[PDB]
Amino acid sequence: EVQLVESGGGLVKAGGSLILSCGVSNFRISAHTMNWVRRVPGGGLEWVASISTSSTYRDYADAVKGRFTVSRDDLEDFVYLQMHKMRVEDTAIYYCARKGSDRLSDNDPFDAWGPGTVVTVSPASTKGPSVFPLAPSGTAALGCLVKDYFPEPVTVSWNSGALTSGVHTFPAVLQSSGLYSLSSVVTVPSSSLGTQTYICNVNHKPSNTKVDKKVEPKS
């Protein structure tokens, strides 16, 4: 009635990081070598990592060395798997398995497995922003909305840097979709709405994206 259970799976962007934990029940992990294995969508199993007793030996599959790290916590019976610089082929169901038997020999099979946790790695590591105008409806206010980009940062100028007075670029917000959104506004004299042109320049270096958008008072 030995039991194991993983936690920490989920969705990750290409190049991101994700840490998985593994807890146990009705035995202690100190005496056992602990392993991480993954079932790829193709259906086959693939050995990921192994940590020996007292963390003397830490072994990784060739496809994950330099990117993955396995750790153990014997006093509280936990195992950890850090995955950095994640690739699309890292998408799999990750199980935490124990090496053991009725008597502990020097090389026993995987007699206990956890139910596994799903780890999905989306291919898109970056996304360019969509830029929409905030049209001026004395003093008028105008701007542009820079929405749905990943990751930070995004820089915004006005008229290639000519217009600096009265400009407010707000800090980015993290939307419930996982993409960032910000808005940049400027205060201008109303009379200048007909003559002076207003262009906001949005630069997103992670995607090498450059968008110049001008803003009108609409018809």
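Residue positions are given as counts along the sequence shown, with the first one as 1.
- Counting the unmodelled positions of the deposited sequence between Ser137 and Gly138 gives a gap of 4 to 9 residues.
- Higher mean CA temperature factor between 151-159 and 35-43: 151-159, per the PDB entry.
- When the mean C-alpha temperature factors of 69-77 and 138-146 are read from the deposited coordinates, 138-146 comes out higher.
- Of the candidates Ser55, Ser176, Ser192, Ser181, the one whose C-alpha carries the top B factor in the deposited record is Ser192.
- Annotation for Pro206: C-alpha temperature factor in the highest third relative to the rest of the modelled chain, per the entry.
- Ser25 sits in the middle third of its chain by CA B factor, as recorded in the PDB entry.
- For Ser125, the recorded CA B-factor ranks within the highest third of the chain. Only modelled residues enter the ranking.
- In the PDB entry, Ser219 places in the highest third of its chain by CA B-factor.
- In this PDB entry, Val185 carries a Cα temperature factor that places it within the middle third of its chain's modelled residues.
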